[PDB]
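Structural description and commentary
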Amino acid sequence: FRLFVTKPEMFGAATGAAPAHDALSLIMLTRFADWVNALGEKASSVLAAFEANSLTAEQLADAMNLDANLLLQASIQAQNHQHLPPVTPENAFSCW
Amino acid sequence: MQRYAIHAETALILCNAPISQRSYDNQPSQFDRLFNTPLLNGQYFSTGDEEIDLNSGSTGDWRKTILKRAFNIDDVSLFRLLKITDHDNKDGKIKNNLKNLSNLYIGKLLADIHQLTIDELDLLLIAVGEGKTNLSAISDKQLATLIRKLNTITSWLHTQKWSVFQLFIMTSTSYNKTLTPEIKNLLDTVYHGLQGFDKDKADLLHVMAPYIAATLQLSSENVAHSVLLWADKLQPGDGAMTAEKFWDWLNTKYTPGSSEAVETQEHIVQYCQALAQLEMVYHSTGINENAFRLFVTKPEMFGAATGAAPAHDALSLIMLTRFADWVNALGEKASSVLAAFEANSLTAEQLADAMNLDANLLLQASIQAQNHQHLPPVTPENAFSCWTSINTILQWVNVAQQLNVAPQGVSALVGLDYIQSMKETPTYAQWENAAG
Amino acid sequence: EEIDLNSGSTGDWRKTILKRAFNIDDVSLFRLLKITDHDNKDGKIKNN
Amino acid sequence: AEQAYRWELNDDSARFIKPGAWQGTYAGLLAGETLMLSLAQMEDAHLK
Amino acid sequence: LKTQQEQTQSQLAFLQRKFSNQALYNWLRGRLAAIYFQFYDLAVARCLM
Amino acid sequence: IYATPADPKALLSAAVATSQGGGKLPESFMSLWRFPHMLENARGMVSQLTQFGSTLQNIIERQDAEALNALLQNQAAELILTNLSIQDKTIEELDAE
Amino acid sequence: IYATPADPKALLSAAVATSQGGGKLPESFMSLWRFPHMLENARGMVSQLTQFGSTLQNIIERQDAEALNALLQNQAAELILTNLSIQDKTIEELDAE
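In the nomenclature of the PDB entry, chain F is known as TcdA1 of Photorhabdus luminescens. This entry appears in the Protein Data Bank under the title "Toxin Complex TcdA1-TcdB1-TccC2".

Chain D goes by TcdA1 in the PDB entry, where it is assigned to Photorhabdus luminescens.

And the structure:
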């Protein structure tokens, strides 16, 4: 919650903007909260790697209990298609 | 066929045989009912010299599609099925041999009959210790041992109600490098507590133990001293960290409260998460507090090799639980056996008092355990001072009480072995005495 | 005839019938002898 | 009390109070019990 | 019954996120017992003095 | 064909601990008093810091005991709405019997 | 022929106590103070050791009270999975009735 009020650009807001509190932004905080609860015991090791910019697909697939190449191929295909917030290799696992 | 409720041709693949290409009873072959039970767009799948690209991100030809339909997996699990089969494969491409299709199919059956995913199979084979062996170059003897280890552990996880992902946390040797707030509280509490430490006056492991137990959520300092003493024998992480190297970094290079990246910080996080793994190993395998110290100091008492570090794989977590289920079955006389087991003064008469058995029952089970060829051999020196030997003797009791016979009545059946008969054939009278 | 009733003697057919008539193994048959006869040194008894 | 210790025994390098009794993570609940030990280490070193 | 599972988890989340959880008293016991032994060696020293 | 429903999922939540930084020692001061008179001044100063810490530990325990009881009554006021709808279906059954 | 199942077994566990060794007395020191001034120094030194021991006894009781409550909620979260599977078999019966 401190990361939301200091760096909202980590959570999908525009750079240099105040963090909004409308109904579209309360869904994002709940889907983030349901995401960290699904990590379980490895939730603190992801959020510490998410507050810094050192979160990788191999570290996330360990906590999501997924295959390591599954989040790699999902990250490759997220960069080759035209999403309106575009997924780049810089913000692939450092923007929500 | 009886253990996993499968057909005879599926059990034939698990005995290192290739996929059959012959019809049986005007039904199609095993090769046809896997790959061609409908024909995919009128194209027959036949074995040849064609390459099949099995990488995770290659939209291959129609031959990769049939491998996905015959095995019921996607591209991602088919690349991991290849790495379980062939660790030596550099690329993803294989040949369309019958030997290669039978080795991809033998790896998928090991996940099917144990109700596992390819992810749950690969993380289990690392936890077993067979994580470096190829299914493409495996023999008949090593394959039956591999299925026996998968049969032992998965049926044990059902009684313990654990997942494969829960077992893999307690068996992993690769650690995360990310500094969590739970490790910052460990790095701060040990630093501010050991400020006036003298090396000559006190042991380092003893004075760290109040501050290690305060941040690993341990109820005891006796446990935390055994937690630290075990990690000095593995030297976990990439830095091969001992607890003596841990304080030399923490005294001279760590600043409490800072967000600054220290030089060898990632080797410290791998050490602090090996101590947190130890907290999970002690509480899950419900072992005694004194007997956990006996595991981390003298593992040769518990079946390990002499002068070796105590392992923490899936084969060693079964041994700690079967030891913990054994001391719980002793009840009020459990402390008198474990005190006689830490010394070398445990006898068969003292154990039969606590097991509520006959005194001559464990005597005859100990005599027959020494006259037969167990691969850890039971000698009169380690008959009740090694855990593998006590586990061996108690199996002679569990078979003799199953057959309602004596331990030498079980040994009469062992002497009726067909391979042992080639040196000395039993007469018809010796079968007639054993039948009575 | 002697019947060897020790705990670790795979005896003759006469010890087997003592186990079938009493529904016990060799080990409980030696302890049944010590309940009966404390003065018996060996395990062997007569077929009286 | 540390500066009065340093002035009576000519030891400016002496240090008993260390910056770790306040832990903001656990709200410093053992701040008084830590400083009471450091005052007891200071006087026991003074009596000797 | 799906509400009671949601309510049991809301209690288990409360017992792990409050300040006075088990992780507090593991720290309070492990730190004070290191103080309580070092204070004893100073307290028995003046019983000898 | 009849399809069985999925098994009930096990809920899980995170327990991410916090970590606030350590403080630094302020600059020392050379007073007028001797050692046995400033130590007794400091010992009664620290023994009051112990009584504030034992009081603050009591207040947090009473805070988390009243935050749990307010949670237990907001949960008991939610289960009473569902059990009062089941009783509507018990009376509706007896009008259908 | 119909064979009855075995009777339910009684579970039992061990309660093996621990035993750590006794300590030895350190070497005594001859101070400057007389007996009525060092005894009063020692009595206030031991009366603080009593307050540390009563505080440490309180923390262990609160540690074992919170370790039990975390056990009671992990056990209550396991019984709710079985009772939610029985309710699946109650609805499946009413679709079979």
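After presenting the structure, the write-up continues.
**A closer look at unusual backbone geometry**
Residues and elements named next belong to chain B. The phi angle at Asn 41 is positive, at roughly 60 degrees, despite the residue not being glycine. Topologically, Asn 41 is positioned in the loop between α2 (30-35) and β1 (52-53). In this structure, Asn 404 takes a positive phi of about 55 degrees despite not being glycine. Summarising the element assignment, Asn 404 is placed in the loop between α19 (387-400) and α20 (407-414). Residue classification places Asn 404 among the exposed residues on the basis of a relative accessible area of 62%.

**Side note on the interface of chain E and chain G**
Opposite the 29 residues of chain E that make contact, chain G presents 34 residues. Regarding the contact of chain E and chain G, the summed buried area is about 3000 Å², with carbon and sulfur atoms giving 76% of it. The tally of links between chain E and chain G comes to one salt bridge. In this structure, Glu66(G) and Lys18(E) form a salt bridge, with 3.1 Å as the shortest nitrogen-oxygen distance. For the pair chain E and chain G, the interface holds five residue pairs in polar contact. The biggest single contributor to the side of chain E that touches chain G is helix α2 (residues 22-48) of chain E, with 17 residues. Of the residues in the side of chain E that touches chain G, the class split is 17 nonpolar, eight polar and four charged.

Scoring rules and cut-offs
As a numbering rule, every chain is indexed from 1 in the order its sequence is written, which need not reproduce the entry's residue numbers; residues that lack coordinates are not presented. For naming, the first written chain is A and the first written ligand is 1, with later ones following in the order written. A larger assembly contains the chains shown, and all values are computed for the shown part only. Note that the side-chain values use all heavy atoms of the structure and ignore hydrogens as well as water. Helix and strand definitions follow DSSP, with helices as H or I runs of at least four residues and strands as E runs of at least two, each counted in order from the N terminus. Categorising residues by exposure relies on relative accessible area from a 1.4 Å probe, with only protein chains included: less than 20% of the type maximum marks a residue as buried, more than 50% marks it as exposed, and the intermediate range marks it as partly exposed. Contact criterion: two residues are considered in contact whenever any of their non-hydrogen atoms come within 4.5 Å of each other. When two components associate, each loses some accessible surface as probed by a 1.4 Å sphere; the sum of these losses over both components is called the buried area. Any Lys or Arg side-chain nitrogen located within 4 Å of an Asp or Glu carboxyl oxygen qualifies as a salt bridge. In protein, a polar contact means a hydrogen-donor-capable atom and an acceptor-capable atom, both N or O and within 3.5 Å, with residues adjacent in sequence counting only if both atoms are side-chain atoms; elsewhere, any N or O pair within 3.5 Å suffices. Under the scheme applied, nonpolar residues are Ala, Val, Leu, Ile, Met, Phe, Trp, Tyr, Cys and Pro; charged residues are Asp, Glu, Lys and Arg; polar residues are all the others, including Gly.

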